[PDB]
Amino acid sequence: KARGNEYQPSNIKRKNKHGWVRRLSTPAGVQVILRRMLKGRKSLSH
Amino acid sequence: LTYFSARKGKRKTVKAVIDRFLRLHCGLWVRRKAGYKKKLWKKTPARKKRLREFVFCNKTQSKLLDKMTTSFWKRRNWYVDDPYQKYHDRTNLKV
Amino acid sequence: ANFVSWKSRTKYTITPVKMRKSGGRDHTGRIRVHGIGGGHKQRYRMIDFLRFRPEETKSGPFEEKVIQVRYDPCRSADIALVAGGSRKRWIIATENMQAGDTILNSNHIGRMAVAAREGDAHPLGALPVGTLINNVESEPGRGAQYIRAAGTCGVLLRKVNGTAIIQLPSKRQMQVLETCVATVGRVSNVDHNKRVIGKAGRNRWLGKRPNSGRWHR
Amino acid sequence: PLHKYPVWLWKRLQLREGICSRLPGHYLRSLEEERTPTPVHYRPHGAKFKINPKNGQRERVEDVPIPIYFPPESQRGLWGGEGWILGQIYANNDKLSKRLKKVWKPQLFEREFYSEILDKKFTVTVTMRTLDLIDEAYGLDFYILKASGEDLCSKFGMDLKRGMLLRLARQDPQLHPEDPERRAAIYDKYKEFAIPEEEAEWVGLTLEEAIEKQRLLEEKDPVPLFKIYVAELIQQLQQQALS
RNA sequence: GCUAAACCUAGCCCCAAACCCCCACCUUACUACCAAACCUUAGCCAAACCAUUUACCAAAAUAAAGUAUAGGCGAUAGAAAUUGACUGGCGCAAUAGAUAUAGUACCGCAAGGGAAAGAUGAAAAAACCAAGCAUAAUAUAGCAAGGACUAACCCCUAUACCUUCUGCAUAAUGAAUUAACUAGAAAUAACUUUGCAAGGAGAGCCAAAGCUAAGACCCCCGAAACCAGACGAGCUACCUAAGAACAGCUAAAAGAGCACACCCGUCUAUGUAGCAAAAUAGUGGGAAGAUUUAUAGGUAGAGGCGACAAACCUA
RNA sequence: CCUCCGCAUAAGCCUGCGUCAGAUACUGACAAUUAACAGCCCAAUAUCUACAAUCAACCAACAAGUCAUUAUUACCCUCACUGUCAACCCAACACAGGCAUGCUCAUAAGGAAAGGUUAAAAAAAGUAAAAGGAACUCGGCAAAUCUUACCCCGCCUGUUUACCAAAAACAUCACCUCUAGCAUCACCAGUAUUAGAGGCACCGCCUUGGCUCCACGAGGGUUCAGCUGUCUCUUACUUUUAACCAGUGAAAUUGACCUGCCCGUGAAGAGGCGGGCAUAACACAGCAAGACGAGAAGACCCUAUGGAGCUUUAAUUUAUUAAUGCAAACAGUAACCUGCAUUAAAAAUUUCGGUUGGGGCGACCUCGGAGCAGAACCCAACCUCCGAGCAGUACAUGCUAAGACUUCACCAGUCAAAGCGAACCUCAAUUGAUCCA
Ligand SMILES: [Mg+2]
Ligand SMILES: [Mg+2]
Ligand SMILES: [Mg+2]
Ligand SMILES: [Mg+2]
Ligand SMILES: [Mg+2]
Ligand SMILES: [Mg+2]
Ligand SMILES: [Mg+2]
Ligand SMILES: [Mg+2]
Ligand SMILES: [Mg+2]
Ligand SMILES: [Mg+2]
Ligand SMILES: [Mg+2]
Ligand SMILES: [Mg+2]
Ligand SMILES: [Mg+2]
Ligand SMILES: [Mg+2]
Ligand SMILES: [Mg+2]
Ligand SMILES: [Mg+2]
Ligand SMILES: [Mg+2]
Ligand SMILES: [Mg+2]
Ligand SMILES: [Mg+2]
Ligand SMILES: [Mg+2]
Ligand SMILES: [Mg+2]
Ligand SMILES: [Mg+2]
Ligand SMILES: [Mg+2]
Ligand SMILES: [Mg+2]
Ligand SMILES: [Mg+2]
Ligand SMILES: [Mg+2]
Ligand SMILES: [Mg+2]
Ligand SMILES: [Mg+2]
Ligand SMILES: [Mg+2]
Ligand SMILES: [Mg+2]
Ligand SMILES: [Mg+2]
Ligand SMILES: [Mg+2]
Ligand SMILES: [Mg+2]
Ligand SMILES: [Mg+2]
Ligand SMILES: [Mg+2]
Ligand SMILES: [Mg+2]
């Protein structure tokens, strides 16, 4: 049907999927944070 | 042909050329005849001798081999007992 | 995935345990077995399969009284809640044990083949030759793993000096030690295999969905 | 820009500036030494020069070592310098054919060893090369005391080494008394590998353990300035009483 | 005469030197307080295919030397022994120089992508011209001009440019127009001009007039791909856990009938830069089930998942 | 005059139409949502719990089900923290869409289809229509009034290509066949009446089945009846659109244009070229013949030593797994791990020549004699014809070396005096480089 809205927000899913705790759990996520830190990003995670 | 190596920045020789041809110092290159030791049973004696000769190369073949080697192979070498020391220089070549 | 298996319970409880479905999926989270998912929600009755398990600081052959024969959703037979001594437990009920019968669990190897009823359980030395038995264990004490499905009965064909030969319901033969315990008689829910499933709905209630791409190749 | 120092030299700069500088001298000597192992999976050229074939001229030969791979189970045991060879191979011993991955592993045993210096039976994961090196060393105690750090190539093996070396350096009551003549026999049998205790405590450590051991040495819960200043004042008043 | 146009320092680039950095916060980070690291890169790419092979990257001046050596002995690859190693700018100047006024605003679920722009001056406690228009619409006839003419038109001549083509006015491509920015990088050997000359060159090299030095010569944009490592199952597929919904009539526990709520999407009509990157309006199919549905969780890329449609896995 | 609307919670937003001041729901300043609702829980050791729910009462099942504490030990200090606004969220937008649950069943709540005219066409929607009643059409599509029967397929209810296919396809009960004798991370807390895999299609009778065979279908056709603007053949009105006035105000497109018709010509279909003819200049509304109109570097066809698949009885490999064998590491008595081989499986890498009156099919691919090509040399063909991939004789069928020829390049090919050594080659093509071996 009308296919604009794949973003159905919930803060539990947002925090569980892209959060700081999850980023820091994986060693590849620690490198994601390290990359945002080097880029200079004002927000490193959700 | 590797005009600029990744290692030195220098120009490289084609060792296929060095395996096959002889550069005499005057700019002449001397080769063998392609086929000179195969099927000699079925070749005739005159064709066999024509195959046995050492021949000179063409002008554009000479210039190609000039390009495909470096100038180490174009210096003047004074080997002890050399069968080509008389051939390394041009005599009476008017024009 | 975060797959703790639901079967973490240690003490033998008689009450049903809330049984988690799996969808045919590993701990890795991926499908391992195809065609599984979404049955009626069930509960697991913890069956004691060691038929001769005498209770705490007690003796050999003992008696139990059947309390209730019951449908079990987690298998094909019927489960008998039986009570003996100060404890009670579930067992697989052979056919024609109602509520009120009395069954015997003996480890005694009588020299003569014991004249025993259809419900009770003895070792194959006490069982006669050519005898219909169901809950059969390979080594003594491990607990029965063989014939215990609905309506199946394996026969005892012969007795040998230290072993015995069982015809398993697949027309198979199996060597068992003489001393292991086995229950006589055929299991309940006979006519079970002559139940037509009827609707794809009935299959989907049993917990088997249609699944395609069964060969992840 | 450019770094003042090269990046392969950054580690030495740390070892000169830190608490790594307050590590003792002999330990940093070993860490900087880091020599070459013994040939295990390659056959060394016996000579420095060789008349190579196809032209009778002597070319210099160096023997280059195979990049061997050691797993943490190896460090939990003892493998005699022997490890996995992770390489490629040609399909049918013919270069004009497929090239294809290959991992050569050693054969691993669970052997039980008595060490006369510690008086304990250890069960370890050895291989035939360790067994043969023990036979040519005339015992496990001699093998571990004689073999070098990287030829031994085990964190466990060097723990065994510094336990044995500390045992020797302190001359401990190792089995128990009523056999001091037998203990004297043991320490006389291995008397040759005797080093100071201040060295044997640092034998065999990793750098992480060495830094941890060093900061444990220099913790030193602070001195109250009440104590410091009353010491100064007492000194000054004794000076005034003298004058 | 409007719109504009103009500006110069904010900074940046390449070198040299010198080795540099109170509280809260891994739980849903920024939240006062409870029982485990270590495993060959692969592949694009050259070989005008590709299958052994294919530079360097994993600290190493000049020369030896692109030599020995390796090699579908081919593309190419390639040593060693030995040997002489105080700050500046023929840099940018706001589309440049950094992406930077900022990793911000904005975009994306996320990894991630990623901007733009300011100019009065000593003190503000003080002038002209791009395009586009306007002042000022047009008068037969035609690549818009040219020859001219007393005179704008009238007369005569006259098939836009680029590119690609055997041949384009072509009804072949490109292009509204303006400003700015935007595309020829080097060796072997020659030749020319100096220096010196049987020797040249500030050694490691050449030399049967040579040798040394200089000068001259090698473009830009564009795939579908491939491999590695991350990020994604808030959409959708399936599953798990604990929830909920299903009027009325007929019927009397049936994947029941008619039919709402809801779910779907048969036919038509509208719509098409739309209300909408799939909607609307009527018509329709299911609507107590193999149903629909909220919330949380799981499966991840040659992988998942599938009641197979090469379907779906954030248009 | 309108409305499956409205109010509330949940989820999501995060101050987003409160007051004042200012400029042209914007900007700034100032205010505000007050816990009783809701959230943030539980001191444990051992242990107890066979009994559904459905008005739960008879009674009815099958698919077999959620609600539960005790003996003792320690524990009186008491009510903090946080959410609380709105016209709101997800769709780039103040978006006709998406959006869970409770309650109201037309509202007590919420809202406004028309900026103002006029009343052309074309277009949209609606209503009415004489006579006739499917003559329309691919077809009764749409409308109008409701209905009948027959076939084809699929047994059924279900599922499917989100966004052109909802079907005869997929699934499904039923049946067959194949594999499996067993324990704890799937199958499974299972055990041959079980589990896993594949296939066919319900059923009554009989043994790639076959003949019947009932019900169902937004499937595919056919018939009757009615009904109707589908049509003969169109019409009238009303609403939107429209046109005009006012405000706001895009987009594709565009070499430049001072932008006519006819006949001819020309890269073969001319506004612009030749010959004629026409010809004051500017709007507005229509229209759709042309501008080979716009859109989107044609998806059809071919090409590329471009890419990706897909299958194999294509090439190369078994590195990985498997089951053997051989050693290696133990127990002996007169299994598991490692190394080397093999055959399988899964794969994994890689490629898929050329000419061709498009490409494919078919045929050819090197060399020589003849004709086209008549008299130096040359001269094409998917042009016309004929042949070869050797055979003989001896084995000077040695060795050297002036000078030449040359298949239009190179590679290759050919002749040859003299000289030394000697007996005293025939040949129409009659073939193949380099590296390796
Ligand atoms: Mg290539
Ligand atoms: Mg800039
Ligand atoms: Mg920029
Ligand atoms: Mg102007
Ligand atoms: Mg053309
Ligand atoms: Mg073209
Ligand atoms: Mg254009
Ligand atoms: Mg310009
Ligand atoms: Mg989900
Ligand atoms: Mg129904
Ligand atoms: Mg249809
Ligand atoms: Mg599905
Ligand atoms: Mg298909
Ligand atoms: Mg298909
Ligand atoms: Mg949108
Ligand atoms: Mg109201
Ligand atoms: Mg209006
Ligand atoms: Mg009528
Ligand atoms: Mg007709
Ligand atoms: Mg008709
Ligand atoms: Mg209709
Ligand atoms: Mg059907
Ligand atoms: Mg579709
Ligand atoms: Mg759908
Ligand atoms: Mg459809
Ligand atoms: Mg249907
Ligand atoms: Mg207007
Ligand atoms: Mg014409
Ligand atoms: Mg034109
Ligand atoms: Mg067109
Ligand atoms: Mg094209
Ligand atoms: Mg080509
Ligand atoms: Mg490729
Ligand atoms: Mg691929
Ligand atoms: Mg072709
Ligand atoms: Mg020639």
Under the Debye formula (equal points on every Cα, no solvent term), log10 I(q)/I(0) of chain D at q = 0.14, 0.15 Å⁻¹: -1.12, -1.20
Using each residue's phi in segment D:190-196, evaluate 6.51 cos²θ - 1.76 cosθ + 1.60 at θ = phi - 60° and report the 3J(HN,Hα) Karplus result to the nearest Hz, with x for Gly and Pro. 10, 6, 6, 9, 10, 10, x
Segment D:217-243 and segment B:12-81: distance between their alpha carbon centers, rounded to Å: 96 Å
Tell me the relative contact order for chain B as a rounded percent, counting alpha carbon contacts under 8 Å between residues six or more apart. 31 percent
Table column - 3J(HN,Hα) (Hz), segment D:31-37, Karplus curve with 6.51, -1.76, 1.60, x for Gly and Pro: 4, 6, 4, 6, 7, 9, x
Where the centroid of each part is defined by its Cα atoms, how far is segment C:172-217 from segment D:29-78 in Å? 64 Å
What whole-number value in cubic angstrom gives the convex hull volume per residue for the C-alpha atoms of the protein assembly as shown? 622 Å³
Can you give me the Rg/Rh ratio for segment C:121-194, using Cα atoms for both radii and the Kirkwood formula for Rh? 0.96
Based on the alpha-carbon gyration tensor of segment C:17-137, what equivalent-ellipsoid semi-axes (square roots of 5 times the eigenvalues) come out, in whole Å, largest first? 34, 17, 14
Using DSSP loop states and a limit of at most 12 other Cβ atoms within 10 Å to flag chymotrypsin sites (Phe, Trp or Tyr not before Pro), what is the longest stretch of chain B containing no flagged site? B:5-40
Longer than 32 Å from Cα to Cα, which of D:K161/D:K220; A:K15/A:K39; C:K7/D:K155; B:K8/D:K95; B:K38/D:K50 are they? Say none if no pair is. C:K7/D:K155; B:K38/D:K50
Report the relative contact order of chain A, percent, no decimals, based on alpha-carbon pairs under 8 angstrom and at least 6 residues apart. 35 percent
Starting from the amide H of C:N135, placed 1.01 Å from N in the peptide plane, find each other amide H under 5 Å away whose residue is 5 or more places distant or on another chain. C:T183
For segment D:1-69, run through the GluC sites (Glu not before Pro) and keep only the ones in DSSP coil with at most 15 other Cβ atoms within 10 Å of their Cβ. D:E34, D:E62
Net charge dipole size for chain D [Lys, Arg +1 and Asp, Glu -1 on Cβ; Debye, nearest 20]: 1560 debye
For segment D:110-165, state what percent of all Cα-Cα pairs lands in each successive 10 Å bin, counting from 0 Å until the bin that includes the largest distance. 24, 67, 9
Diffusion constant of chain A at 20 °C, which comes from Stokes-Einstein with the Kirkwood Cα-pair radius and 1.002 mPa s, µm²/s: 180 µm²/s
Under 5 Å between amide hydrogens, which residues at least 5 positions from C:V187 or on another chain qualify, with H placed 1.01 Å from N in the peptide plane? C:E95, C:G151, C:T152
If you keep only loop residues by DSSP, which chymotrypsin sites (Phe, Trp or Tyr not before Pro) in segment C:133-217 have at most 14 other Cβ atoms within 10 Å of their Cβ? C:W215
Trypsin sites (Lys or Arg not before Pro) in segment D:195-243 lying in a DSSP loop, each with at most 14 other Cβ atoms within 10 Å of its Cβ, come to D:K220
Read phi for every residue in segment D:7-16 and hand back ³J(HN,Hα) as whole Hz from Karplus 6.51 cos²θ - 1.76 cosθ + 1.60, θ = phi - 60°, with x for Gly and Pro. 6, 6, 9, 4, 5, 4, 5, 5, 4, 8
GNM result for chain D, Cα springs below 10 Å: residue of D:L28, D:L145, D:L225 fluctuating most strongly: D:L225
Rounded to a whole number, what is D in µm²/s for segment D:82-186 from Stokes-Einstein with the Kirkwood radius over alpha-carbon pairs (25 °C, 0.890 mPa s)? 149 µm²/s
Run the numbers on segment C:1-106 and let me know its relative contact order in percent, using alpha-carbon pairs under 8 Å that are six or more apart. 23 percent
Helical contribution to [θ] at 222 nm, DSSP H n ≥ 4, -39,500 (n - 2.57), averaged over the protein assembly as shown, rounded to 500: -7500 deg cm²/dmol
Determine, for C:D78, B:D89, the number of other Cβ atoms within 10 Å of each Cβ, and report the residues in order from fewest to most. B:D89, C:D78
Looking only at C:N189, C:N105, C:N161, which one moves most when chain C is put into a Gaussian network model with springs between Cα atoms under 10 Å? C:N161
How far is the Cα center of segment D:123-192 from the Cα center of segment C:80-129, in Å? 65 Å
I need two numbers for segment D:13-78: Rg to one decimal and Dmax as a whole number, Cα atoms only, in Å. 19.4, 57
For segment D:111-243, what is the largest minus smallest coordinate of the Cα atoms on each principal axis, given in angstrom and ordered from greatest to least? 77, 38, 22
Can you put C:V114, B:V55, C:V17 in order, fewest other beta carbons within 10 Å first? B:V55, C:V17, C:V114
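When we count neighbours, we look across all protein chains shown, and the Cβ atoms used for this are built from the backbone with ideal geometry, even at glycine. Only the coordinates and a few stated rules stand behind these numbers; no lab work does.
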